[PDB]
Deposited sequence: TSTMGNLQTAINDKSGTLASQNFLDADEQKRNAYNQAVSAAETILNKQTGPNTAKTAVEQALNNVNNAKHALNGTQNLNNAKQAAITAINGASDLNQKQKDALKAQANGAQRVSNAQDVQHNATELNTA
């Protein structure tokens, strides 16, 4: 069906999604929900229109719920806030650490910056 085609359009995007920062840094429950929806759709692509439609909806909703990007932005702001509240750091150190946080490509990089700032401050 047109629904089968649409479902395929979602499952075939699996691998690029799974390699994206927005997936990789999403909350674990949300990563699991996307994986489970993709597996369920793959089962079908090997139905009733309602079953295909529910599978499609479940993939789209899981995919849209991935929040790696927002997690990264939140991690950056947390690092910045820490760097700003680090009263013992001089301006040069704060600037360098801010540059690291703002440039963080992964949540772990921003978290490492926060930890390093706090360590240096003490």
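When the deposited sequence is numbered from 1, the segments without any C-alpha atom are 47-52, 129.
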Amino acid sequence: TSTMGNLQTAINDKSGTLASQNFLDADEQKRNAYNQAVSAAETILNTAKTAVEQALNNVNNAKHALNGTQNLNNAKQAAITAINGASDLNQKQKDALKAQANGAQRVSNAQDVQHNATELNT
From here on, numbers count along this sequence of modelled residues.
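Between the stretches 94-102 and 12-20, it is 94-102 that shows the larger average CA temperature factor. Taking the mean C-alpha B-factor of each stretch as recorded, 37-45 and 85-93 are not equal, and the higher mean is that of 85-93.
When the modelled residues of the chain are ordered by their C-alpha B factor, residue 50 lands in the highest third.
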